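Read the structure below first, then the notes.
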Amino acid sequence: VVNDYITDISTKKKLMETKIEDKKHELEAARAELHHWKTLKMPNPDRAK
Amino acid sequence: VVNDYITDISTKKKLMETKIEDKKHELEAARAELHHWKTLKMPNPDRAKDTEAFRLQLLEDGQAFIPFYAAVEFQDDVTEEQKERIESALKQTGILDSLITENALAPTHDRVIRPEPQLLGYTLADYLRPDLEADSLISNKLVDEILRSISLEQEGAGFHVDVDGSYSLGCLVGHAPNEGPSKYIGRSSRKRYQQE
Amino acid sequence: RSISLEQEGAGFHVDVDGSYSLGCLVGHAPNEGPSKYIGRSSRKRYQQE
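Residue numbers (the numbering used here), protein chains in the order written: chain A, 161 to 209; chain B, 105 to 300; chain C, 15 to 63.
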């Protein structure tokens, strides 16, 4: 019984680590956007490369 | 030791079950996209939500309207490259998705063409032919005149869309970039996007 | 001064309400929110928002 419980807790811990990585990357994308607006020289209308 | 080993193995088993459930979800999403593409009547160029709202309003009210790309087709001898250039220029000008209406409609959040044949210089009528559908309320002659209304040469602040990728409307000159091959003008081109 | 805001016959113009006639074409613009591209105030509002 104790090992069933500890297995469950380990599984949820692993999922928490994975979602921590996910949130780190989402917040890094938000950081990149915030930096871009901080470093905004001017607004760019729709364009092609 | 045996219990610790089995504990770790069971943890990895549960983790793999989570992974397999997620991949089943992704497979279902892919299948949903396949269904959406199968059921779709016809692909459309880029649009704003206001345009879709206006055209739903037109359906509600009952305006005789059709988008340009659905009502036109290239003549066979106009090679695919010229098809791409013309379609790109029309897309930049916004006429590729503009509405041809039997009534002199004034659009709301949309573009409408009207018959004003620019008989001086060449016109898109030289390169394009109508492709109206079975239940189209638009007249073929209207589409032909509108094709004549799209000049291939500019006069002052004139409106023109050349086959070489150059276009203009106003005291201005414009050139189109690459945005993919022709995919909306012509029957085969529309089929190409859905096949992709 | 070259750009007119009233119909030049089968020509080029952009009305005050946002409607426009372009050669044989007549159009009307969609929602785009407060000005963001035109003017220093608009660019600053864009950046800060």
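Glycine residues also receive a C-beta, built at the ideal position from the N, C-alpha and C atoms.
Which of the three DSSP states, helix, strand or coil, is assigned to residue i?
{"i": "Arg296(B)", "result": "helix"}
{"i": "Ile190(B)", "result": "helix"}
{"i": "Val247(B)", "result": "helix"}
{"i": "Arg252(B)", "result": "helix"}
{"i": "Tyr226(B)", "result": "coil"}
{"i": "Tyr271(B)", "result": "strand"}
{"i": "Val161(A)", "result": "coil"}
{"i": "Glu206(B)", "result": "coil"}
{"i": "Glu186(A)", "result": "helix"}
{"i": "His213(B)", "result": "coil"}
{"i": "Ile170(B)", "result": "strand"}
{"i": "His27(C)", "result": "strand"}
{"i": "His42(C)", "result": "coil"}
{"i": "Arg207(A)", "result": "coil"}
{"i": "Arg233(B)", "result": "strand"}
{"i": "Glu121(B)", "result": "helix"}
{"i": "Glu177(B)", "result": "strand"}
{"i": "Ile166(A)", "result": "helix"}
Leaving aside the five residues before and after residue i along the sequence, list all residues of the same chain whose C-beta is less than 6 Å from its C-beta, in chain order.
{"i": "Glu188(B)", "result": "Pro285, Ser286"}
{"i": "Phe263(B)", "result": "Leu273"}
{"i": "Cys275(B)", "result": "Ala261"}
{"i": "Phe169(B)", "result": "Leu162, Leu203, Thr205"}
{"i": "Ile217(B)", "result": "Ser202, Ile204, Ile250"}
Mind listing the chain B neighbours of residue i? Cutoff is C-beta to C-beta under 7 Å, in chain order.
{"i": "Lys179(A)", "result": "Residues of chain B passing the Cβ test: none, with the nearest at roughly 11 Å."}
Can you name, in chain order, every residue of its own chain whose Cβ lies under 8 Å from the Cβ of residue i, other than the five neighbours on each side?
{"i": "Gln179(B)", "result": "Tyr231, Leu232, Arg233"}
{"i": "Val40(C)", "result": "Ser33, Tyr34"}
{"i": "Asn207(B)", "result": "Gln167, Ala168"}
Distance, Cα to Cα, residue i vs residue j?
{"i": "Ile254(B)", "j": "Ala280(B)", "result": "16 Å"}
{"i": "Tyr60(C)", "j": "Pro203(A)", "result": "8 Å"}
{"i": "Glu184(B)", "j": "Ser202(B)", "result": "22 Å"}
{"i": "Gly290(B)", "j": "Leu162(B)", "result": "24 Å"}
{"i": "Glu193(A)", "j": "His129(B)", "result": "30 Å"}
{"i": "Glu63(C)", "j": "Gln196(B)", "result": "29 Å"}
{"i": "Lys201(A)", "j": "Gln186(B)", "result": "37 Å"}
{"i": "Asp266(B)", "j": "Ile199(B)", "result": "13 Å"}
{"i": "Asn163(A)", "j": "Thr111(B)", "result": "6 Å"}
{"i": "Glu249(B)", "j": "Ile204(B)", "result": "11 Å"}
{"i": "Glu181(A)", "j": "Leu187(A)", "result": "10 Å"}
{"i": "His196(A)", "j": "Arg215(B)", "result": "34 Å"}
{"i": "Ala189(A)", "j": "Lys209(A)", "result": "22 Å"}
{"i": "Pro205(A)", "j": "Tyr51(C)", "result": "8 Å"}
{"i": "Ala174(B)", "j": "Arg191(A)", "result": "43 Å"}
{"i": "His213(B)", "j": "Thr122(B)", "result": "47 Å"}
{"i": "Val182(B)", "j": "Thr143(B)", "result": "31 Å"}
{"i": "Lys295(B)", "j": "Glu237(B)", "result": "15 Å"}
{"i": "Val176(B)", "j": "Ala210(B)", "result": "21 Å"}
{"i": "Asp235(B)", "j": "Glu156(B)", "result": "22 Å"}
{"i": "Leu246(B)", "j": "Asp239(B)", "result": "15 Å"}
{"i": "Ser192(B)", "j": "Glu164(B)", "result": "31 Å"}
Check the Cβ of residue i against every Cβ in chain C and list those closer than 9 Å, keeping chain order.
{"i": "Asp214(B)", "result": "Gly41, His42, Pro44"}
{"i": "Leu200(A)", "result": "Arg57, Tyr60, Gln61"}
{"i": "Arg291(B)", "result": "Correct list: empty, because the minimum Cβ distance to chain C is about 25 Å."}
{"i": "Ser202(B)", "result": "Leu39, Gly41"}
{"i": "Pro211(B)", "result": "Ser33, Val40, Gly41, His42"}
In chain A, which residues lie less than 8 Å from residue i when you measure between Cβ atoms?
{"i": "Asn244(B)", "result": "Neighbours of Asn244(B) on chain A: none; closest Cβ ~34 Å, over 8 Å."}
Determine the chain A residues that contact residue i at a beta-carbon separation under 7 Å, and present them in chain order.
{"i": "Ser114(B)", "result": "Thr167"}
{"i": "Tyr34(C)", "result": "Neighbours of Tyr34(C) on chain A: none; closest Cβ ~17 Å, over 7 Å."}
{"i": "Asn107(B)", "result": "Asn163"}
Could you work out which residues of chain B lie near residue i, taking near to mean beta carbons separated by less than 8 Å?
{"i": "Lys174(A)", "result": "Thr115, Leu119"}
Could you tell me whether any non-hydrogen atom of the ligand SAM is closer than 7 Å to the CB of residue i?
{"i": "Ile170(B)", "result": "In the structure on display, the ligand SAM does not appear, and there are no ligands present to speak of."}
What residues of chain C sit near residue i, judged by a beta carbon separation below 7 Å?
{"i": "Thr205(B)", "result": "None at all; the shortest Cβ gap to chain C is about 10 Å."}
{"i": "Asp154(B)", "result": "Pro44, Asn45"}
Quick one: residues in its chain with C-beta nearer than 7 Å to the C-beta of residue i, no 5 flanking neighbours on either side, listed in chain order?
{"i": "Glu220(B)", "result": "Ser253"}
{"i": "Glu46(C)", "result": "none"}
{"i": "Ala229(B)", "result": "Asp248, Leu251, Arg252"}
So with CB distances below 8 Å, who are the chain C contacts of residue i?
{"i": "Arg218(B)", "result": "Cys38, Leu39, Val40"}
{"i": "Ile199(B)", "result": "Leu39"}
Using a Cβ-Cβ cut-off of less than 8 Å, list which residues of the segment 234–268 of chain B approach chain F; keep chain order.
-> Of the chains in the structure shown, none is chain F; the protein chains are A, B and C.
Are the segment 115–125 of chain B and the segment 167–180 of chain A touching, with three or more C-beta to C-beta distances below 8 Å?
-> yes
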